[PDB]
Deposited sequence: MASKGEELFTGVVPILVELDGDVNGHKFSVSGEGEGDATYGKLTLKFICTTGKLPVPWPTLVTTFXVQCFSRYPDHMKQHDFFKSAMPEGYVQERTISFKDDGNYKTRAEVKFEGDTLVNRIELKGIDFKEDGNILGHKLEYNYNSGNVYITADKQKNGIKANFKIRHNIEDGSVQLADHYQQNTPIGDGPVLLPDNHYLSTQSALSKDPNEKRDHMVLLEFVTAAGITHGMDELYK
């Protein structure tokens, strides 16, 4: 599995979303270089204006590109599932507001790594920080805590994303995640550890569509 990640790998992301009945789709393209834990992706909302803030979708939009140091490579679930792939599911609970439920399939289509996602958001406040677009266009560094789920032959993750609000405050987004292999081949079930993430959001000056440019670095640690 990890053999598939020693070079630059093209990535496609496709999402269909419904948040409070606002229906939207996003298509993303870019590439990943797991040797450096590095992702570069550009996302376009193909249905018009995105009805939630872009930063709220960053985690939903390929942890197989994390850099696992050599001494921790026996703990890399994500690459071990490839090329058949894994299902990734989350509940993202926005404090004092609604939640996203997401289901994705991450797998190779030929030599390309594809993340296909369905997102459902409910019980959002009409002018809370998400539907009122009060979140700043930036992103904080943070840790993703991974644990094995032996019974599902997979992993769980639990973590907190803090989204900066334009008034200086923070919108917490609690993340609960489960991943399970799609293939029947053996996978790596890791000891407890975490992914240390860093993410930078930007705009393409020549792009008039609603979009997001993402540069991310992710390194495994904690062992």
### Query
How would you list, in order, the spans of the deposited sequence that the model does not cover?
1-4, 66, 229-237
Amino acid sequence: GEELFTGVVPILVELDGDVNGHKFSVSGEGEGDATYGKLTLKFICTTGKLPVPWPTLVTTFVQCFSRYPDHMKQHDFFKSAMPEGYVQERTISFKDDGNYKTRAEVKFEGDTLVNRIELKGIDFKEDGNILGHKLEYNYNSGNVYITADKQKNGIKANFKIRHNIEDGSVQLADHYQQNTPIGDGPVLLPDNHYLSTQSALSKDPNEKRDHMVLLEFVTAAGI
From here on, numbers count along this sequence of modelled residues.
### Summary
Of 145-153 vs 73-81, the stretch with the larger average CA B-factor in the entry is 145-153
#### Entry: Per the entry, higher mean C-alpha B factor between 185-193 and 170-178
185-193
## Note on the structure
Listed options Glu126, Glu105, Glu118, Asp97: highest C-alpha B factor recorded at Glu126
### Position of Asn138 among the chain's modelled residues by C-alpha B-factor, lowest, middle or highest third
middle
### Query
By its CA B factor, does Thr47 count among the lowest, middle or highest third of the modelled residues in the chain?
highest
### Query
Taking the C-alpha B-factors as the PDB entry records them, is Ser66 in the lowest, middle or highest third of its chain?
middle
### Summary
Here the Cα B-factor of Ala221, set against its chain, lands in the third termed highest
### Task
Comparing against every modelled residue in the chain, figure out the third that the C-alpha B-factor of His211 lands in (lowest, middle or highest).
lowest
